[PDB]
Each structure stands twice: as C-alpha cells, then as structure tokens.
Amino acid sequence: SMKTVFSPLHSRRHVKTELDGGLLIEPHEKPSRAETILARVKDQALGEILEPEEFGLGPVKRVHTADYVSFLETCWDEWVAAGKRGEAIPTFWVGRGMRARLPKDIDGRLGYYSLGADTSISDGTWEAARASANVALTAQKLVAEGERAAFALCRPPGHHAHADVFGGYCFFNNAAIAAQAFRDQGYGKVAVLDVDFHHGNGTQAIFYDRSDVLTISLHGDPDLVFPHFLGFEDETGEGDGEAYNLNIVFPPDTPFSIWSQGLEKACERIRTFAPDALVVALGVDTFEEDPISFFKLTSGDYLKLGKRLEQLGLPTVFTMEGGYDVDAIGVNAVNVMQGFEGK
C-alpha cells in the first residue's frame, strides 16, 4: 500500500549525552525510535520497505551551505584532535551584541553553526545525517516516479536545521531537501506542512523569502517551548515570501478537537496555494504521553490525521521528525500512514 524508506545507518548516530535541565542525560532521540516504527511497519504489512539510494551531497547543498556541510564532516575529528574528552557540544555562541563571524577554533565553529547545546555530535553522526537525507530523497524519488505517497523513516530528524545552523536533534533538513528536489525536478510549487509538536524553524528560514515553497507549521507556543525564538504567528515571510509562511500556535493541554481546527486552516491555505507536491514533516510528539510536549492527541487521532492529509489529493512525502514515547511511537506514526491509506 505505502512504501517505507529506512536506512540501518541511522544507528551510526548514537550519542550518550544530551544537555537537559542542567544535566547530561540519555538523549531522547534514541535509535529505538526508528527501530520501533520499523517493527510496526513490518507487523502491519504497510507496504514494501526499501533502503535509500546514495544521492551524494549535491541535493543537500541545494539547501545547506558548503561551509556547513564541510563543518559537519570534520567536526568530530577536529573535536577529538583538539583534546576534548566528552562528546562534541557547543559551549559558547554569538550572544546578542557579538559578531556573526566564523572563527577558527572548533569550539567557536560549533557555536557559530548551532542554535542549541542539546544535540551532541560524535563519530558516525555525519554518516547518519547523510543517510537520513538520502532516505528523504529516496521517498521523493518514489513519489516522482509514480507513487501516491512514501514514508521517509528519517533518523535523525531535520526540521530545526537552518541552511547553516543545527540544533534540536537535527542536522540536515530532510523535508526542505525533499521539497527542493521536487522543485529541481520541475514541480512548480511545493507545500511543506509541519505537524510535529515543535515549530519547524529551519524549514521556515530556508524558504522565508520565497513564494514557490509554502511553509506551514502547527506547534506549541514558542513563548513556552523550543525553539523559543521563532515560530510566532506574526512571522508571515519576507520579500517575495510575504504571506507564504504560516505559524499556528497552541497552548498547553490542547487536544485534537482544537488542534484539528488549526489543521483545517492549514489545509485550506494549502488548497488555495494549490501546490504540485506536498511534504509533511511528521512528528508524533503531539501525543498525550510524549515526555517533552504538552499536547493531548490520542493514537486514533493519528488515523484521523492521515485521513485528512490524504484528502488533500496531493503527491505526498512524509519525513519522520520527533516523537519520544517509544512504547507508542510505532503505533502513532504507522497510524498516520494507515489513516492515509484508508484504515
């Protein structure tokens, strides 16, 4: 019914530390997320499961800068060579009133290229991010060659990464890369709808001055939650992108009965935009038991979500983003896929 792209190289990203609440804890973004979703895909016989193709850095550099990609390739080696004993974590950054100037030292490069210290880098992070982008691009290729939809089971996630900024467990913006691939292959207009609990600030920034890619995100109020410094309802674009970005914000305890009204608004905006392709940055951290979020979606609500998304009648690429209740992450994500397929 629906094909899934999955890479075993996702396990190459397996850091031990995440800065949270002043402590170094287990990262929330652990490989069992992807393994559990894959297990549910197999158990439900959703459809064919495929490994990604290697597309190289070309399609990645359509969205990210060359300096940033190079930095991501050398960062761990430079970190170890500089004598640091922990995993690679930024300690200093460009505070307000300082210069956005790229320095030489690895600590300064880490700070320049990051928006948060919650995303440790270790050996294999480069390879895993590369594989995740290739997963998204393979889903896009499946859709471009005839499939109604495809599930890019990406890990690590991507929607927080700017053209040259990483953070929030993201390195390469898989959804933005897929959308730009659609554009490069002759799709006139693309819509990116972000249903993850957090604002897709990287995707918003990448296309902020463009009208050929419409960016919509539903998320918890950034006054309250990550990413804090983007995602407010007054961010509607700039330049040619004016009115081609839409942020829809919700407060704590929001259930599906209210969240789905924002989803309906997003769907109406997409219909007037009338895109040639749709990329859905899917996060299941909207779940009522997600340990770092405050929405109250149930598991069946994801079936409803998939159904409503299918009714858009578009070629659709799903890129896996967040979701951290590992017990139910497979049921929730595959529930979106099956609801899309009519279950």
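Whichever C-alpha set is largest while still superposing within 1.5 Å between the two forms counts as the rigid core. Position 1 is the first residue in the sequence shown; the rest follow in order.
Comparing 8-16 with 21-29 by root mean square Cα distance to the shown form in 7 other deposited structures of this protein, with the rigid core used for the fit, gives 8-16 as the more displaced stretch. Here 142-150 and 84-92 are compared by their mean Cα B-factor, and 142-150 comes out higher.
The PDB entry records a higher mean C-alpha B factor for 43-51 than for its counterpart among 64-72 and 43-51. Per the deposited record, 186 carries the highest C-alpha B-factor of all listed residues (202, 186, 227, 156).
Highest CA B-factor among the listed residues (34, 282, 57, 279): 57. In the PDB entry, residue 24 places in the highest third of its chain by CA B-factor.
Annotation for residue 30: CA B-factor lies in the lowest third of the chain's modelled residues. For residue 261, the recorded CA B-factor ranks within the highest third of the chain. Only modelled residues enter the ranking. Residue 252: CA B factor in the lowest third of modelled residues in this chain (values from the PDB entry). Residue 77 sits in the middle third of its chain by CA B factor, as recorded in the PDB entry.
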